[PDB]
């Protein structure tokens, strides 16, 4: 139940964003509810997630864009910043957020997160500790779950 003038702004972003998304990212056409966007993020090459295709959904909350969107991975993944429910915690984004950044910036931030995790704010503390204490162990399991779910 976003304000109509906000919906009018969302339709603009999504329409442009869908016709020309960032690399490795694809926003699916939404004509039902643009508050609930469906997106795929290709696992970056040179990362454990490489080769995998990760389905996610971006939810625009009630106080959007005053507050940042809330992302959720549908694809199961081993990442310090992704919870069991798939909830994505982008600590830096939520701090450096304003209404002008746009949905494109959010998706980019999530892609950058697969490359540059943040164990200082881990929803998956196991993946958080492993990333710091034994990266090779993290890369192994992350690469394994990417072969199965990616």
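Residue numbers count along the first chain shown, from 1.
Just going by the entry, 112-120 versus 93-101 on mean CA temperature factor gives the higher value to 93-101.
Highest CA B-factor among 58, 82, 66, 41, as stated in the entry: 66. Residue 86: CA B factor in the middle third of modelled residues in this chain (values from the PDB entry). The entry lists a Cα temperature factor for residue 126 that places it in the highest third of the chain's modelled residues. Annotation for residue 25: C-alpha temperature factor in the lowest third relative to the rest of the modelled chain, per the entry.
Annotation for residue 6: C-alpha temperature factor in the lowest third relative to the rest of the modelled chain, per the entry.
Ranked by C-alpha B-factor against the other modelled residues of its chain, residue 14 falls in the lowest third.
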